[PDB]
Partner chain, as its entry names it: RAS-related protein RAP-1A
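As a starting point, one isolated chain is supplied in structure tokens, in the form deposited without its partner chain.
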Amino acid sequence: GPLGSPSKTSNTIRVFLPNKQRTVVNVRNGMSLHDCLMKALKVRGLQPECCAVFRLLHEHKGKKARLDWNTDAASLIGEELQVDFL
């Protein structure tokens, strides 16, 4: 029984999963991006070879921004990320 809650601040980010799949994750202060995929993957147990993340620019219309995998996950909270092969 989803959809039906007041407006509140939730610490979660949108990760891009292949096959049109989408899942949000909550991170603790001092967390890294490498860890941001641990919570989403923990549920499916899928071990990939190479993955890369990109955060979308909120200043322009819709560009691509390369970020570090060891970057603070709580710093990109409420935003969206995108991972690709190699």
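Numbering follows the first chain given and starts at 1.
Below, we turn to the form deposited with its partner chain bound, even though it does not appear here.
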| item | value |
| --- | --- |
| Contact test, all of 66, 70 and 83, partner its partner chain in the entry with it bound, heavy atom 4.5 Å | no |
| Its partner chain contact in the entry with it bound: residue 74, any heavy atom under 4.5 Å | no |
| Contact label in the entry with it bound: residue 55 to its partner chain, heavy atom within 4.5 Å | no |
| Proximity of residue 50 to its partner chain in the entry with it bound, heavy atoms at 4.5 Å | no |
| Heavy atom of residue 45 within 4.5 Å of its partner chain in the entry with it bound | yes |
| Contacts with its partner chain in the entry with it bound, stretch 19 to 46 (heavy atom within 4.5 Å) | 19, 20, 21, 22, 23, 24, 25, 26, 39, 42, 43, 44, 45 |
